[PDB]
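Asks: Quick one: experimental structure and sequence below.
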Amino acid sequence: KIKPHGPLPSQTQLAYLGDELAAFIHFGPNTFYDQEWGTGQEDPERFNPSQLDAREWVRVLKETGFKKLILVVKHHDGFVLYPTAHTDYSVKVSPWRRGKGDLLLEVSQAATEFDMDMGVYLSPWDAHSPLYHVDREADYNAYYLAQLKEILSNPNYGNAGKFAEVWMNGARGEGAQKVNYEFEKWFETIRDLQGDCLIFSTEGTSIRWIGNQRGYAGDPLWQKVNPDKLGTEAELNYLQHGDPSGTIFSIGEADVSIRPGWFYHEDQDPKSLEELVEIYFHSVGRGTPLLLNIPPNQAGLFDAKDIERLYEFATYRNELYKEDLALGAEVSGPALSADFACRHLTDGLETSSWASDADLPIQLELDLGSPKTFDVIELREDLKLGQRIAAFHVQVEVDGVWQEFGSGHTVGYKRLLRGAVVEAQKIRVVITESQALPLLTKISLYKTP
Ligand SMILES: CC(=O)N[C@@H]1[C@@H](O[C@@H]2O[C@H](CO)[C@H](O)[C@H](O)[C@H]2O)[C@H](O[C@@H]2O[C@@H](C)[C@@H](O)[C@@H](O)[C@@H]2O)[C@@H](CO)O[C@H]1O
């Protein structure tokens, strides 16, 4: 047995890492007011997306490879997109669905049918509620907690009543009241109602912000942090890289909009395939999930360009992963024992691993049997035993001469490393630094389409 190193991910963390892709949906008054941030004075009368089709949202997201949908149910403007008992500023007083509308219900039913996991975004900062005030702090917290209970206990909400993520945005406007939140109480309610549901927050929860909105994870990306270094004035670069000494497993989630804004604006176009590809490589390709926001329009529908783009993106990835050129390749180098053989790097088994206790740098050489054309290499650690690798690089033998392909810091759950297209039969993976004896479960090679 190899001894585990560092903090270990929960089962729900590993599942998210394996799922790789989650979708964000920002829809609400701001959609009708053509804005990114609302005041709380938006007229509920304007809110009438009669064409809204949540099943269409879910169907397209499922067909284009998303595994989770995080729904904004109350943005900063404080308008609530389900008929909560706790405020009259909700869809209840709007014309939508003749006043009997429930978006969380509509989405959850669709998500249930498609087995799409569900997350929920409830804004801590609330620009509408008169309870959002330093002298009503207990009252706002009780209002917030009340809605968490409404959302998380109702078997009509979620994917068959289950939520996979709760999102607690840290953003707050310059002018706003300095309300402090009852974090522990919220977290306990979430564990009561939803077990080990993942929680994105500014505190030491299971998910953290990566510290930017471009969908850019750092390299290194340590999926762990010291809770002491979090909070609302966590360093952006600390978020972006995590902590090589971190004491809790933490997913640095890469959130980004397919458009310049989080909400839909008519004058904006979605990002190009090329752009989405770059993002993909710097999120999923750095061992962290991509959370792509797709904002429905005034009609309540995904924009046609956006849908098309989502298909192109799916096609791209499908083509990318179609043939693993390293599958079955012969690998030489040191190995701890037969149970940790080199051959476990290309055996197609995520349950088999290579490992070596030899002195660094450790070199694995792959022989593909014949020259192949590729421009991506994939590596994966066994995070059940902890994240370890701190530095590595990759060399390819071209025309009898070893040349640099690429290099990186962390591997993590899964690392993709692009390089210039090469035709090569032999490949070297050189591990230069590791926090403990390195394990790898997989090395793969692909050609981008
Ligand atoms: C430091 C800061 O507040 N920056 C603003 C963004 O807030 C952060 O958002 C991230 C997620 O990207 C995370 O919640 C942090 O805790 C926040 O501090 C802000 O974006 C906010 O989050 C988006 C996903 C979206 O819902 C947006 O409407 C929300 O305000 C953006 C908004 O343009 O401004 C940043 O300056």
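Replies: Alright, I've got the coordinates. Numbering: from 1, shown residues only.
Asks: Can you get me a residue count around the residue in the stretch 1-150 of the chain positioned nearest to the ligand?
Replies: Closest contact between the stretch 1-150 of the chain and the ligand, by Cβ to the nearest ligand atom, is at residue 36 (5.5 Å). In short, each C-beta sits where N, CA and C put it, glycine included. As a burial measure, residue 36 scores 14 neighbours (other Cβ atoms under 10 Å).
Asks: which residues in the stretch 201-350 of the chain form helices?
Replies: Here the stretch 201-350 of the chain has its helices, by DSSP state H, counting those that start in this stretch, at 236-241, 273-281, 304-320.
Asks: can I get the ones you listed in CSV with mean neighbour count and distance to the ligand?
Replies: Formatted as CSV, the helices of the stretch 201-350 of the chain follow (neighbours: other Cβ atoms under 10 Å; distance: least, Cβ to the nearest ligand atom, whole Å):
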stretch, mean neighbour count, distance to the ligand
helix 236-241, 17, 8
helix 273-281, 17, 14
helix 304-320, 16, 17
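Asks: Redo the ones you listed as JSON lines? Include distance to residue 10.
Replies: Compiled in JSON lines, the helices of the stretch 201-350 of the chain are given as follows (distance: least, Cβ to Cβ, whole Å):
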{"stretch": "helix 236-241", "distance to residue 10": "20"}
{"stretch": "helix 273-281", "distance to residue 10": "25"}
{"stretch": "helix 304-320", "distance to residue 10": "26"}
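Asks: before we move on, what SS does the nearest residue to residue 55 once chain neighbours are set aside have?
Replies: Nearest residue to residue 55 in three dimensions, chain neighbours excluded: residue 110, at 4.4 Å (Cβ to Cβ, 6 or more residues apart in numbering). Look at residue 110: counting by DSSP: H, G, I helix; E, B strand; the rest coil, its state is helix.
Asks: Could you double-check that residue 110 sits in contact with residue 116?
Replies: Yes - under the criterion of Cβ atoms under 8 Å, residue 110 makes contact with residue 116 at 7.4 Å.
Asks: Counting neighbours, what do you get for the nearest residue to residue 129 once chain neighbours are set aside?
Replies: In space, and not counting its chain neighbours, residue 129 is closest to residue 78: 5.4 Å by Cβ to Cβ, 6+ apart. Here the count is done by other Cβ under 10 Å, and residue 78 has 24 residues near it.
Asks: how much space is there between residue 78 and residue 140?
Replies: The spacing between residue 78 and residue 140, counted by Cβ to Cβ, to the nearest Å, is 11 Å.
Asks: Could you tell me which residues touch both of those two?
Replies: 126, 129, 132 (Cβ atoms under 8 Å, 6 or more residues apart in numbering).
Asks: Near the ligand, list only the ones from those.
Replies: Among the shared contacts of residue 78 and residue 140, no residue is within reach of the ligand (Cβ under 6 Å from any ligand atom).
Asks: related to what we said a few turns ago, residues touching the residue nearest to residue 55, list them.
Replies: 54-55, 57-59, 116.
Asks: Drop anything exposed from those residues.
Replies: 54, 57-58, 116 (16 or more other Cβ atoms under 10 Å).
Asks: what does the stretch 251-400 of the chain have sitting close to the ligand?
Replies: 255, 262.
Asks: And the strands in the stretch 251-400 of the chain?
Replies: 251-257, 290-293, 330-332, 354-355, 362-380, 389-398 (DSSP state E, counting those that start in this stretch).
Asks: of these, which approaches residue 241 most closely?
Replies: strand 251-257 (8.3 Å; Cβ to Cβ).
Asks: now that closest one against helix 273-281, angle please.
Replies: Between the axis of strand 251-257 and that of helix 273-281 there is an angle of 170 degrees, by axes from the mean of the first three to the mean of the last three Cα atoms, to 10 degrees.
Asks: OK, contacts around the closest residue to residue 95 other than its chain neighbours?
Replies: With sequence-adjacent residues excluded and distances taken as Cβ to Cβ, 6+ apart, residue 95 is closest to residue 48, at 4.5 Å. Neighbouring residues of residue 48 by Cβ under 8 Å, 6+ apart: 94-96.
Asks: out of those residues, which are buried?
Replies: 94, 96.
Asks: In strands, which of the contacts of residue 48 appear?
Replies: Secondary structure assignment by DSSP state E places none of these in strands.
Asks: For stretch 328-343, which outside residues touch it?
Replies: 2, 345-348, 353-358, 362-369, 437, 439, 443.
Asks: ok, now stretch 154-161?
Replies: Contacts with stretch 154-161, where a contact means Cβ under 8 Å, 6+ apart, come from 82, 104-105, 108-109, 111-112, 115-118, 120, 151-152, 163.
Asks: Who wins on neighbours among the residues you listed?
Replies: residue 108 (30 neighbours).
Asks: Go ahead and confirm that residue touches residue 117.
Replies: No - in this structure, residue 108 is not within contact of residue 117 by Cβ under 8 Å, at 11.1 Å.
Asks: Using the three-state scheme, assign the nearest residue to residue 389 once chain neighbours are set aside.
Replies: Nearest-residue entry for residue 389: residue 411, 4.5 Å, with adjacent residues in sequence omitted and distances by Cβ to Cβ, 6+ apart. Secondary structure for residue 411, judged by three-state DSSP, is coil.
Asks: What is the burial count for residue 411?
Replies: When neighbours are defined as other Cβ under 10 Å, residue 411 has 29 of them.
Asks: and the strands of the stretch 251-400 of the chain as JSON lines, adding distance to residue 192?
Replies: Formatted as JSON lines, the strands of the stretch 251-400 of the chain follow (distance: least, Cβ to Cβ, whole Å):
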{"stretch": "strand 251-257", "distance to residue 192": "22"}
{"stretch": "strand 290-293", "distance to residue 192": "25"}
{"stretch": "strand 330-332", "distance to residue 192": "48"}
{"stretch": "strand 354-355", "distance to residue 192": "40"}
{"stretch": "strand 362-380", "distance to residue 192": "34"}
{"stretch": "strand 389-398", "distance to residue 192": "38"}
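Asks: and residue 310, which of the ones you listed is closest to it?
Replies: Per Cβ to Cβ, nearest to residue 310 of those: strand 290-293, 8.5 Å.
Asks: That closest one pairs with which strands, and in what direction?
Replies: Its sheet considered, strand 290-293 pairs with strand 21-25 (parallel), strand 251-257 (parallel) by DSSP bridges.
Asks: And these: which comes nearest residue 433?
Replies: strand 251-257 (20.1 Å).
Asks: Show me what from the stretch 51-200 of the chain comes close to the ligand.
Replies: Near the ligand, when you scan the stretch 51-200 of the chain using Cβ under 6 Å from any ligand atom, you find 169-171.
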